[PDB]
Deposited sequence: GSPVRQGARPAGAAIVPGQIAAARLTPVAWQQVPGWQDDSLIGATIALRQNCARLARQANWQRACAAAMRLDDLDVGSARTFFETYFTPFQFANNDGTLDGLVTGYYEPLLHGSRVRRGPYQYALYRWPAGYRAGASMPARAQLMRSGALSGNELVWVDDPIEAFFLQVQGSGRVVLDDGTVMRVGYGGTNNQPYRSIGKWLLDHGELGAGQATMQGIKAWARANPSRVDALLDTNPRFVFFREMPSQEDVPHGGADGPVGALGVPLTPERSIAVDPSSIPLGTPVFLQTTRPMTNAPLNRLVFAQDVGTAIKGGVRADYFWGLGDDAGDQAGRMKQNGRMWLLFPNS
């Protein structure tokens, strides 16, 4: 029932080594559910390249339910190449990312009681502000509200990420991105709850912190004030996941960010790794559709877990050994 496991520390004599599909350990462990969705987004940018025209034409005939036919397609139109680091090692690091998804309103009302703030107009770009607790008390933020959300813990973790999306009670969606900082030190509230015994070793996830906050509503404001850092936001230019560097919406658990000088955008990658909390095998066909400032090296990926806080808790814990095969179209 559980998938193929990595034998660590193996090495290879070439950067790319063609292998048979029968030599990809883990290929049969992937259901392939969702892979055709990310494949069609890939083809939106690749279909007219000479090497991709035939594969993309065939790909448009596949539905997303018949994973038997999708498996036959990948085995027929692509060859897998075992991918090594330039030092010959096959092991590399898989981390994770997500897109925060909050629920808010453009006006303060009902459950929407916690503001996200733009950079305060009464202030000069890049001048140091006080800690969060005094910034919130000075009055300097009043009238600089960008939108009002559902939950102060979600707002806090949106600040940690710097960017995300707010589903508004409109029926519209607002994308927010990085709008500046008070340049004061970050201090994790999860570590605070652990260091002071309020949360057990297991449990300082975003969900465990939300639960503790639910239990201790009159302590929440003081907990958040233990982090002096404060992040501001800007509204981004106006259905599916975020758009990545390839220019297409990312697909949860089927898109990775890569170092594009090692793995060009558009490359499908068979990823063998493990799940962050249970450590079970995770064997997944993904597509290189994004990049990131921390994602540098050869066998290196950021796995896109999807939208919302369960995806973020998986992303937060992901720091797993991994193996890669790059697919190239037979063409």
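- Absence of C-alpha coordinates is noted for several segments of the deposited sequence, namely 1 to 9, 248 to 255.
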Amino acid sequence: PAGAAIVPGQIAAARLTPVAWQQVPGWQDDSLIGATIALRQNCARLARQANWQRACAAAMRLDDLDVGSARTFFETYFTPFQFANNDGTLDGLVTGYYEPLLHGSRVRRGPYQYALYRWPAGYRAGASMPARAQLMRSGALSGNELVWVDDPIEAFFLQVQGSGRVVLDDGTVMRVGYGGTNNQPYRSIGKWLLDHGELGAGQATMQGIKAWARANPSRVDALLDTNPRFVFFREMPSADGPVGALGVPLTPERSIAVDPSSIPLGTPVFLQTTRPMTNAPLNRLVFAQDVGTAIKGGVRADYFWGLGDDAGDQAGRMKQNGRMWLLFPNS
From here on, numbers count along this sequence of modelled residues.
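- When the mean C-alpha temperature factors of 210 to 218 and 143 to 151 are read from the deposited coordinates, 210 to 218 comes out higher.
- Averaged over their C-alpha atoms, the temperature factors of 43 to 51 and 263 to 271 are higher for 43 to 51.
- Comparing C-alpha B-factors across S163, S188, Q82, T251 in the deposited entry, the largest value falls on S188.
- Set against one another, the Cα B-factors of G241, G247, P100, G92 in the record reach their highest point at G241.
- Among all modelled residues in its chain, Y112 ranks in the highest third by Cα B-factor.
- Ranked within its chain, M277 lands in the highest third, by CA B factor from the PDB record.
- Sort the modelled residues of the chain by CA B factor and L199 lands in the highest third.
- In the deposited entry, the Cα temperature factor of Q159 places it in the middle third of its chain's modelled residues.
- For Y178, the recorded CA B-factor ranks within the highest third of the chain. Only modelled residues enter the ranking.
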